[PDB]
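Here's the structure, in structure tokens; my notes come after.
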Amino acid sequence: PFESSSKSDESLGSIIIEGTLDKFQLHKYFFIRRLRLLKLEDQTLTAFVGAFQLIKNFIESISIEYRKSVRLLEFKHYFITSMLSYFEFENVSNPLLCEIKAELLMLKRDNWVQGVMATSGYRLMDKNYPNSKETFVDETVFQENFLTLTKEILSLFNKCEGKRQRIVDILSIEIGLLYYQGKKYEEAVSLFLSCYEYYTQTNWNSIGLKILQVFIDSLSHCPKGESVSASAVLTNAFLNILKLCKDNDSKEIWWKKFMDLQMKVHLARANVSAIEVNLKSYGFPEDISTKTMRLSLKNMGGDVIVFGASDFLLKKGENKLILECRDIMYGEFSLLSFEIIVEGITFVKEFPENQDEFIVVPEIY
Amino acid sequence: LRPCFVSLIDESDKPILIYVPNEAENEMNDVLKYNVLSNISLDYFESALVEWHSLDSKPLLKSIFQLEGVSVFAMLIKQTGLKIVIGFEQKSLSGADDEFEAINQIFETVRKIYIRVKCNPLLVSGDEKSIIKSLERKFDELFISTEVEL
């Protein structure tokens with residue numbers, strides 16, 4: 001003799017529709033806690049998301065008037081006692097770290113409480129708060145200490161679930177303020193700053209355009225596949241692709257060669273600024289093949305050293321070039337002075353082998 | 001009544017435009033928070049057993065979230081793989097249901113604006129540059145610039 005969850009949801013809606021009382025939604029909180037203890041061992045977590053929506057409506061009830069610790073402190077205190085989401089069910093072999101997601105949201109609420117209420121300890125470098133008393137952070141250095149301990153314990157514990165790759169792919173990629181709050185040389189924290197910064201370059205840009213802004217200060221005034229001299233140049237000289245403004249703020253266009261101005265070893269590059277397009281290859285003087293090439297221009301400087309290539313069906317011919325082209329404008333007549341002919345352009349010479357362009361760091365295409 | 005950003009992502013998980021109103025003429029650098037909120041919602045597509053979708057007839061306004069000063073959600077139509085999201089600033093938030101269906105219907109207005117500008121053949125091969133400026137130029141009057149209409 002029982003009734004299902006539809007009567008529970010309809011009775012919750014009818015108890016919400018009952019009005020004119022003057023409580024702090026205790027009539028809602030009674031049925032919310034009864035539905036919470038009815039919604040624990042289901043291994044479902046959707047009614048835990050409904051409990052999170054109940055916590056959101058309770059947060060809006062506290063947030064109807066909460067400002068400047070006159071009642072913002074009351075709203076943060078009500079949320080810190082409303083951390084019974086973490087203090088009701090907490091078990092291993094549960095339904096995949098929904099408590100870790102809820103504790104992450106509650107840690108964001110507590111960081112907003114410590115980051116808000118005037119004070120100081122700016123441990124976010126973004127000031128989430130906006131215009132307008134547990135005492136966990138009694139100092140600004142202790143504000144960084146008590147929160148980086150919080151944001152590292154709650155980082156990979158949410159990765160214990162099924163593979164979402166959601167928070168620690170971003171927030172543990174947000175360890176820029178973990179050591180470069182004030183301390184300059186982040187060689188200790190070089191696991192994500194200047195190691196795998198391309199995961200937002202391969203994703204959508206302008207996130208990594210500030211991540212690489214602090215992935216150069218670990219090598220701007222600091223010395224000593226973690227062995228390099230200037231081989232961190234994909235983040236230094238090949239950061240001009242994400243640098244949309246080059247004619248303004250040309251310190252991203254000066255330091256590409258100023259890092260190499262006292263260089264010395266090679267690498268690869270995309271040549272995604274200067275495009276290259278072919279043309280009608282003609283004939284020339286004695287043993288001069290002389291293909292025709294057109295090259296674009298988006299980088300600043302000149303005086304390259306380059307050659308073209310064209311593989312046959314057996315061996316490469318490497319139909320060379322003058323290697324002093326000095327590309328300043330688009331679609332210019334590159335000379336492509338080519339010798340050592342592989343059988344008079346034998347018609348299986350399909351132009352597949354790349355047209356590199358080296359300025360001590362090679363740029364294959 | 002005013003969104004705090006407008007974000008557009010297609011089916012390849014490539015963000016089309018993370019548009020923020022009023023980054024010039026007003027406060028900068030919170031756009032650096034705005035696009036990483038968009039990326040948090042992008043890898044927060046479905047996580048920790050929370051399901052937004054149960055009605056397959058029309059894709060309605062799905063599950064609200066709230067995170068570090070904003071209130072975001074998602075509206076996956078599932079038609080041509082469009083994954084567009086809108087946040088709101090929690091400061092000026094009344095939290096009613098006509099508000100909830102109001103932001104549902106203005107989500108369908110920005111859906112209408114995208115599907116109008118998607119098939120304007122007055123300029124053809126508008127897919128990389130000034131299609132974005134044109135759609136921003138159609139964004140920035142539907143929620144703001146009402147100040148002089150009267």
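Quick note on naming: the chains in the structure tokens go A, B, ... in the order shown, residues restart at 1 in each chain, and ligands are numbered from 1 in order of appearance.
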With only C-alpha atoms considered, list every residue of chain B at most 9 Å from chain A, as a ChimeraX atom specification. /B:13-16,29-30,32-33,35-36,39-51,64-70,91,93-95
Just list the residues in region 156-297 of chain A DSSP gives alpha helix (DSSP H) on the backbone, as a PyMOL selection string. chain A and resi 208-211+217-220+251-258
For residue 144 (chain B), please output as a list in words all residues within 10 Å (counting only C-alpha atoms; exclusion window: fewer than 2 positions along the same chain). residues 1, 2, 3, 21, 139, 140, 141, 142, 146 and 147 of chain B
So the first atom is CA of residue 280 (chain A) and the second is CA of residue 318 (chain A); what is the distance between them in Å, to one decimal place? 17.3 Å
Interatomic distance (Å, one decimal) between CA of residue 76 (chain B) and CA of residue 62 (chain B): 8.0 Å
Write out as a ChimeraX atom specification each polymer residue whose atoms come within 8 Å of residue 34 (chain B), counting only C-alpha atoms; drop sequence neighbours fewer than 5 positions from it. /B:5,18,20
Write out the residues from the selection above, keeping C-alpha atoms, as a PDB file, in the first residue's frame.
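Saved the output as part-v2.pdb:
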```
ATOM      1  CA  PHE B   5      26.922  36.971 -22.689  1.00  0.00           C
ATOM      2  CA  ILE B  18      31.253  33.785 -27.470  1.00  0.00           C
ATOM      3  CA  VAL B  20      29.701  39.498 -24.690  1.00  0.00           C
TER       4      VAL B  20
END
```
Backbone-only DSSP, strand (DSSP E or B) members of region 139-363 of chain A, as a PyMOL selection string: chain A and resi 276-278+293-295+306+311+316+332-334+350+357
Mind checking which residues fall within 9 Å of residue 60 (chain B), counting only C-alpha atoms, ignoring those fewer than 5 positions away in the same chain, and posting them as a PyMOL selection string? chain B and resi 53+55+75-77+104-105+108
